[PDB]
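One protein chain, two forms: both are listed below as structure tokens, the first as structure 1 and the second as structure 2.
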Structure 1
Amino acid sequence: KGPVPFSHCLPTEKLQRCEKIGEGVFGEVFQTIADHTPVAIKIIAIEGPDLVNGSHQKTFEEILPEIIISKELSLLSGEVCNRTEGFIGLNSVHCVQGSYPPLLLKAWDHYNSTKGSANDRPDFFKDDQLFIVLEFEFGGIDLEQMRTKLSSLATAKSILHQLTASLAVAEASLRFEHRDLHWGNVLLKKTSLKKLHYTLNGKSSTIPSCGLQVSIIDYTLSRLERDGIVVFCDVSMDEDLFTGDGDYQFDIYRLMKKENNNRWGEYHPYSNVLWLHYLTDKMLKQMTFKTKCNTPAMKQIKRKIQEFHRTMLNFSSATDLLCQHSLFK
């Protein structure tokens, strides 16, 4: 069908309502509103020669795995045996050709002025520039931003239960490893549903939401397969990824590489356990809860999560943890 213009994705009224909501080396995320509902639009420059935010642009061959992975995981919400809504919904994906829209520069500048940006102002693109535009269902606010905003340790327990279940269903269905599930990639949004549902290998179960619905995002480093065909990001030659410091996060890259002996095509669902450990660590060390752990029931949930932190690395997959760990019984 050949690339489409930016107007195909952002008709004039959608485009007028865009406000920037996040960024990364990858590019830019804008929020717009259709039918009274927000959506998140990730715009990623590809195939061009310009350094963009200090890195070279991905080729189509290079951006395809994130595209494939985002579709697969979204489609889990419509499956039967292995079903979950725990990954971000993908409304659409297009390949767009043109220079960056002036109205998006406007929103970008407003962000820079109010929040600050690490990014180059994206105003240097020519009319042949290619982009991948991923429209996601709006997932809420990342766990790092919600650091100080979780009600209780029951909230933290629901979040870890949701994440474990999501990863398990994806493991069973797609032999999925997220491989970069830092706390910027766990989004939280209010839900009025008391219980959330997933189905794992045909068995349906429920999770108390504690008023939040968790969505997993960012598949830039992820791996999965369908019918024996593997899709992944080969970081075996990447130096930088495994020489970070200052946070347990950066240990996880090193620990994954130890587990997989630097063979990123292979399937090692222990990587999901590593990430869930990192996340459990954040829950217990870097969250300021809005309420106090001042009841016997809340004290017990705290001990359970501390037990989880101390034992979870002795399980083989998110599936194993979810099926066998005492925390979820």
Structure 2
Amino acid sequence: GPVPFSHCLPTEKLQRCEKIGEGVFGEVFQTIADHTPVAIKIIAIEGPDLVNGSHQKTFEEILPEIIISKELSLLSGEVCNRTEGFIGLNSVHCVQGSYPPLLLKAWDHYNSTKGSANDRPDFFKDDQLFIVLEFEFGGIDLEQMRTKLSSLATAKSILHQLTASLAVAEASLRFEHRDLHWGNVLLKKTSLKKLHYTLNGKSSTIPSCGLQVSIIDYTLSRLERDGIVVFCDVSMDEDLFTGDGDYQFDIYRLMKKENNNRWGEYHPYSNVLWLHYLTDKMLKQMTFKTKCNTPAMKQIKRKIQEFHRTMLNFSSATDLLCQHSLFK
């Protein structure tokens, strides 16, 4: 059954952990495994204590996220529908223990410097179970990169990568992300000028602008394979649809409107909505290092505005990728 924390996180590996993110689910750390950067997502399961305002999931309830993470990871090595635009999954383990002090140390440092919305994970007993997901390290989230991007040409590339990755997953898996806020879009430097994807056997390229995009956090995601659907049922969630203060929180309501609160169904319009939300962030809440005060750059801005203006008339990421003028 479960293994101790030390089996996953030996001393050196613990000692190198930096907290990089969080959610109601728990905690995400960066560290090094075998001279290689990785991200570790740690989720308490099976206990009766409240954690970050919700009850803990059972093993069964975490399975969808495992399954989805594996399917999306495997898209990097497929042929007919291939993308690197999600994130690699290296391993999954069930560990038992109280939270390691060194993780609490890193948790504390993040709380001091960025602030946390979570409870300090220091109340878990030595019998507590967790799922520990080890992912490829994908870079730095778009929200934290909001002042660091070169130009709207970089924004273009990012939108295109996002759209293509979502299209490929629609075509292969009937996938919806369902929570693609800008904290879930990672950016990593690359010296490849072009990135490659394949959609339904047809290969294409996207100019990278020096960046490679990774879509992460499949907590709310949905997909299906051979008529078996894997999804998170939020039909009875209340709090999810009553946020405000950001367009993010309208997306949850607009998804519910689109699917009539039936979360098993496939409504790839949800991917369109998130992409609309992300385009909105690109035009409003980003500061680019080069302003668009050249004609060429000003033309890119108009195309993105045109995208913002019209994309809600498309029915899926596939529709957008294949048909929207922004990508021609």
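Only the largest set of C-alpha atoms that superpose within 1.5 Å between the two forms is called the rigid core. For numbering, take structure 1's sequence and count from 1.
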item: Where one rigid part turns on another between structure 1 and structure 2: hinge among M298, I252, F60, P122; value: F60
item: Relative rotation of the two rigid parts between structure 1 and structure 2, taken as the smaller one's turn in degrees; value: 10
item: Per-residue Cα shift, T114, between structure 1 and structure 2 [Å; core superposed]; value: 4.0
item: Angstrom displacement of the CA atom of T288 between structure 1 and structure 2, core fixed; value: 0.4
item: Cα displacement of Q97 between structure 1 and structure 2, core-superposed (Å); value: 2.1
